[PDB]
J.: 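This structure is in structure tokens; I'll ask about it shortly.
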Number of protein chains: 2
Amino acid sequence: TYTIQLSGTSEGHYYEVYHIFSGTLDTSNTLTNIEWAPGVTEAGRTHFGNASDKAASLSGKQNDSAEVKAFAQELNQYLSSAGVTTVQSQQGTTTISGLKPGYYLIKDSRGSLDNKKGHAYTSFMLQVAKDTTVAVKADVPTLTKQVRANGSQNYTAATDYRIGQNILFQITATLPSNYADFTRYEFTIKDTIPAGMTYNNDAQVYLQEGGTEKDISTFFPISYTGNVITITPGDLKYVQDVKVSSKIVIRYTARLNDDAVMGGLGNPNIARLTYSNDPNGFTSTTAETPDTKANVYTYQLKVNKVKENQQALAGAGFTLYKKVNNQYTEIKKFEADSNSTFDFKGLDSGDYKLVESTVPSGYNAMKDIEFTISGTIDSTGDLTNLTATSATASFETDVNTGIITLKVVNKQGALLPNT
Amino acid sequence: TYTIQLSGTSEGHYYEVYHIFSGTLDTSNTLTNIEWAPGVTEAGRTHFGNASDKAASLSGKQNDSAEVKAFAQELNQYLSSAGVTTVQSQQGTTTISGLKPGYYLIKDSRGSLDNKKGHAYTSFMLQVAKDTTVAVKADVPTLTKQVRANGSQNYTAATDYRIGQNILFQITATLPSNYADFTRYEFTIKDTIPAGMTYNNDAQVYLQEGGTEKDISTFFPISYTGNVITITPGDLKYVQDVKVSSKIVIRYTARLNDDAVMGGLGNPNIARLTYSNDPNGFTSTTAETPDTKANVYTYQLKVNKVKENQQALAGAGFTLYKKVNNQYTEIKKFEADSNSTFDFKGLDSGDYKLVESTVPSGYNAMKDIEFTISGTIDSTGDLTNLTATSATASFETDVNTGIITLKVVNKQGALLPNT
Ligand SMILES: [Cl-]
Ligand code: NA
Ligand code: NA
Ligand code: NA
Ligand code: NA
Ligand code: NA
Ligand code: NA
């Protein structure tokens with residue numbers, strides 16, 4: 001008995017091995033005394049005619065020959081569980097022991113990958129039973145979503161922006177190594193925008209070959225409903241320029257809006273790819289890729305205006321400036337009234353100046369506060385830390401609310417005695 | 001030498017005591033051998049004539065008579081600091097020592113009260129120097145502002161409401177004990193509405209004579225510009241029904257809006273009254289009362305949807321109900337998509353139910369959470385504490401941000417084996 005090692009497998013699959021021909025494998029390594037084995041039905045035997053004559057017409061044909069592919073495809077409709085072995089797939093290499101000599105058809109068990117994500121059916125594989133290693137004829141496309149980092153031109157899992165700033169997003173689809181074995185290729189990217197973000201209706205689709213992009217947008221009508229971007233050409237084979245080494249790249253912009261989440265779990269957009277997962281014949285099963293997720297955080301500065309007894313002081317106004325290329329630019333002003341709490345929603349990492357642009361009557365002007373907001377965003381895309389620092393002042397921060405608190409204590413002017 | 005005690009005083013004043021007549025006070029309470037003292041100028045002495053004969057025309061006249069009033073008024077243009085004693089006012093009773101016998105005019109020092117709030121100039125007082133107590137002829141109006149409490153129907157310095165709920169406010173003006181001593185009485189209430197509150201343009205003005213109210217709105221044209229309600233009749237004497245014992249009452253509603261401050265210093269409104277502060281002749285000076293403040297706080301529930309590894313779970317939706325009349329009523333619903341953070345803005349103290357009205361695919365429904373929000377607002381009107389409790393769940397709260405956090409951990413369903 002013989003042992004096929006099936007390399008490049010993942011967990012998740014039940015691989016079925018059908019005994020097509022029995023025979024004796026001689027000192028020569030040809031197969032002799034060939035008969036139909038229990039893995040083919042009587043109907044199939046009758047259809048294909050004499051077993052040894054069929055083996056003869058296949059003898060010395062190439063491994064990827066049209067003859068072997070037609071046999072494997074045409075066999076499938078005549079298979080029997082009378083001569084089936086079934087194996088559970090290991091991560092890396094799947095070992096199939098105890099094979100009597102002869103010729104086996106290997107396939108994924110039908111339906112065995114429905115509803116499961118990131119998997120694909122193998123092209124039906126005809127293999128002679130030797131102690132051999134062969135690569136499984138199965139691949140899956142992949143989907144990566146990233147956000148262009150704050151002023152870095154670099155794509156990342158997550159970053160921080162300010163509300164109203166346009167943000168560039170990128171989704172990259174790779175194609176499976178057996179792309180050519182499909183006659184039709186269903187391709188649908190759905191990208192869910194969070195309530196905290198507004199899409200700019202500007203998605204474009206690019207074919208990326210080695211280092212060169214080509215706008216293929218005209219093939220992909222794009223719809224936006226329910227905060228869901230759908231991108232699909234119906235059949236990706238409509239795009240004839242597409243090779244197996246091609247990337248499909250989607251780019252669009254979105255911007256944080258007033259409903260943005262502060263700190264915490266941020267404002268995530270989640271994409272998945274629905275793809276043709278069965279290269280065998282006239283089929284229209286699909287799987288989805290596992291989710292791919294990008295994230296944009298934003299923070300809030302809460303300024304509290306009080307006097308030395310810590311109760312509220314009305315009548316202050318504040319202007320906040322951000323350093324944009326060493327040029328403090330005004331981003332938010334509050335005019336003065338009864339309010340003592342100033343909530344600057346939608347700040348990112350950067351250098352800020354707070355100016356008390358209106359002083360309550362009877363009180364000294366606060367000195368300007370130059371401060372720095374630093375969100376820690378790891379490669380996962382978790383906001384793990386939020387800090388605000390100033391030479392001149394002291395902040396509270398809570399990463400989970402995204403709130404930076406500054407309590408501004410107002411000192412009374414002097415009521416000076418007169419000799 | 002004699003000591004007048006001047007009762008009903010506050011700190012802040014410099015009372016000037018002008019020696020008008022010198023003479024001898026006998027065992028009997030009569031003044032004899034009357035001469036002009038140094039407190040009167042030679043121009044006055046000429047105008048009023050013989051001192052003893054002027055004293056004689058005033059002899060026996062009533063304490064509140066027209067003749068004494070007119071003398072005190074016409075004296076004022078002829079005063080000299082050659083015969084002036086000046087005394088700083090104590091809280092309650094101001095002692096004025098070392099008075100040589102005779103007749104004194106007592107007044108607030110000219111301009112003495114112009115930068116100070118909550119004070120009023122006394123009627124010129126003519127007084128015979130005895131060892132006696134006389135009440136100062138000065139009072140001030142008061143202005144009190146309060147808010148009708150959450151479902152309590154009585155008024156208080158501060159309470160909590162939900163965003164969009166109409167809130168009843170009340171401003172009460174008392175008039176000074178010497179209201180009738182004014183010929184004209186400027187009366188202007190300014191009420192500053194915070195950014196986070198919206199005025200319903202429904203202020204009405206009521207006269208209160210004990211426990212009976214009368215709509216006097218028609219006399220008070222009201223304006224609202226800059227989030228400031230201005231209520232003024234120009235002259236309160238135009239409202240002839242208004243007596244010294246009357247209360248003027250302003251009532252209006254406002255509601256919290258989307259810009260509401262959460263927890264912390266809350267959403268205060270500040271009112272002050274501008275009033276005629278000098279009963280002495282043809283004058284148009286005013287003082288403002290000290291600021292009076294009411295406050296409405298509101299809170300925010302933040303629900304984080306996660307799975308057992310504490311990473312965000314997309315695709316949940318939540319409905320929040322408040323118990324209004326032993327009747328859970330829907331106040332806010334979020335639909336499902338990529339968001340994992342549910343910010344329920346604008347909640348008050350009360351009984352709530354959080355229902356996971358949409359369950360992420362492959363996770364068990366959260367069981368409903370009945371919970372209680374309780375903001376502690378003390379007699380001052382400080383939000384000192386904020387708590388959320390449930391038999392079924394645990395919350396985080398921060399009184400400063402007004403944020404109540406619930407982390408909802410989703411458990412996966414069972415992927416059941418099939419024989
Ligand atoms: Cl007073
Ligand atoms: Na496979
Ligand atoms: Na595929
Ligand atoms: Na006269
Ligand atoms: Na208010
Ligand atoms: Na108000
Ligand atoms: Na007054």
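Residue numbering restarts at 1 for every chain, and letters A, B, ... go by the order of the sequence lines.
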J.: Looking at residues at least two apart in the chain, or sitting in another chain, which of them share a side chain to side chain contact (heavy atoms under 4.5 Å, CB included) with B/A203?
T.: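 B/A203 satisfies side chain to side chain contact (heavy atoms under 4.5 Å, CB included) with B/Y199, B/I222, B/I250, B/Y252 only.
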
J.: Using distance alone, with no hydrogens and no angle criterion, decide if B/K333 and B/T319 have a side-chain donor and acceptor under 3.5 Å apart.
T.: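 Absent: no donor and acceptor within the cut-off.
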
J.: Under a 3.5 Å cutoff, is there a donor and acceptor pairing between the side chains of A/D337 and B/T192?
T.: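 Note: A/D337 and B/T192 side chains miss the donor-acceptor criterion.
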
J.: So if I take each residue of residues 377-386 of chain A and look for any heavy atom under 4.5 Å from a heavy atom in chain B, which residues do I end up with?
T.: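 Within residues 377-386 of chain A, near chain B: A/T380, A/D382.
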
J.: Restricting to side chain to side chain contact (heavy atoms under 4.5 Å, CB included), what partner residues turn up for B/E396, sequence neighbours left out?
T.: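 Listed in chain order: B/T405.
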
J.: Do the ring planes of A/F342 and A/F318 sit parallel (below 30°), tilted (30 to 60°) or perpendicular (above 60°)?
T.: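 Tilted: the ring planes of A/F342 and A/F318 meet at 30° to 60°.
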
J.: Please rank B/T401, B/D343, B/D258 by heavy-atom pairs under 4.5 Å with chain A and give me the top one.
T.: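 Option with the top pair count is B/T401.
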
J.: Is it the backbone or the side chain of A/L265 that comes under 4.5 Å from a heavy atom of chain B, or both, or neither?
T.: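 Looking at A/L265, backbone and side chain both touch chain B.
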
J.: In Å and rounded to the nearest 0.5 Å, what is the CD to OG distance from B/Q311 to B/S340?
T.: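 It is 9.5 Å, given to the nearest 0.5 Å.
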
J.: In chain order, what residues pass the side chain to side chain contact (heavy atoms under 4.5 Å, CB included) check against B/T198, with sequence neighbours excluded?
T.: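 By the side chain to side chain contact (heavy atoms under 4.5 Å, CB included) rule, B/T198 matches B/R255, B/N257.
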
